[PDB]
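Using this note's numbering, read the sequence shown as starting at 6 and increasing by one per residue.
The beta carbon of each residue, even a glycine, is placed where N, CA and C say it ideally should be.
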Amino acid sequence: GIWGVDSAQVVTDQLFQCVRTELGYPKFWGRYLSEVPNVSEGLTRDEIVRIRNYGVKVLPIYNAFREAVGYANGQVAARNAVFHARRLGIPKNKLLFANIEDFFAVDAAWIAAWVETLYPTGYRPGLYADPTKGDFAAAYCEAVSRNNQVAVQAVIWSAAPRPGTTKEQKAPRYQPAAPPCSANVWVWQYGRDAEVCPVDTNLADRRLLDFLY
């Protein structure tokens, strides 16, 4: 596994140096496409320039939605994610991850819309989710049965299991939970809220990196 982090807040030089010196050198950094009050700080072009200046890949996340039900709703989410990605200058054939928290309602139609709406934009669909708690895994597997391209195109960032944050050199073997059907489970959030720095810790399959900016 390749090691990285994610954060609700902007990557300033101060936060990068905290991570670099207290945890390890992140190869990727999960960040949010838009501002959600009390929840996430959005990306800016200036921040992307800095992240890339460190040789770190941006892992973009769309989280301006609180439920993941319905085809039309999934289309709106995808269209908004792409709008923000373009505004930020994220190039085509890069992943955009939908933030599906474990307590959200989720259905197969929403997942289908996320995937299908993204395809002609050139962005690739990502799904951040917990395959072990809540509706995601069944919704995903139904979507795959209905259209195998869900499994071909989508990349999953799994939020389980969660043994806890570590320094990079202490990270566990790559072992994310997966849904019980075909998937590309290429990212794993193995710990949340590291406390020495206000970040979560992740591991990835190296195929991820070619789909990050």
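Buried versus exposed, by CB contacts within 10 Å (16 or more), residue i
| i | result |
| --- | --- |
| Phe88 | exposed |
| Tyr133 | buried |
| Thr49 | exposed |
| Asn43 | exposed |
| residue 1 | Because residue 1 is not part of the residues shown, which for the chain are 6 to 218, the question remains open. |
| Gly169 | exposed |
| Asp215 | exposed |
| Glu121 | buried |
| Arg212 | exposed |
From the options, residue whose alpha carbon lies closest to that of residue i
| i | options | result |
| --- | --- | --- |
| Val155 | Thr171, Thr170, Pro184 and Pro177 | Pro184 |
| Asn68 | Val41, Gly79, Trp119 and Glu52 | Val41 |
| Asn104 | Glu121, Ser39 and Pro125 | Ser39 |
| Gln180 | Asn207, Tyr145, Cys186 and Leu101 | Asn207 |
| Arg91 | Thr126, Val54 and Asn189 | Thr126 |
| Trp193 | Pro177, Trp119 and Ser187 | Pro177 |
| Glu173 | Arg129, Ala188, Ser150 and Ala199 | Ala199 |
| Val61 | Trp8, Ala82 and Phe102 | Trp8 |
| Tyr124 | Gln19, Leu101 and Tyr145 | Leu101 |
| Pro136 | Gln22, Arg57, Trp119 and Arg167 | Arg167 |
Opposing strand residues paired with residue i [DSSP bridges]
| i | result |
| --- | --- |
| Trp34 | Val10 and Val63 |
| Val192 | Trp162 and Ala209 |
| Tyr133 | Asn104 and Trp162 |
**Q.** alpha helix (DSSP H) runs wholly inside the region 37-125, at least 4 long, in chain order
**A.** If we require 4 residues or more, the alpha helix (DSSP H) runs fully inside the region 37-125 come out as 50-58, 76-92 and 113-123.
Q: Tell me, please, whether the region 89-99 touches the region 109-116 by the rule of three or more beta-carbon pairs shorter than 8 Å.
A: The answer is no - the region 109-116 does not touch the region 89-99, with fewer than three Cβ pairs under 8 Å.
Q) Any chance the region 66-86 sits against the region 21-32, with 3 or more Cβ pairs inside 8 Å? A) For the pair of segments examined, the region 66-86 was found not to touch the region 21-32: the number of CB pairs separated by less than 8 Å stays below three.
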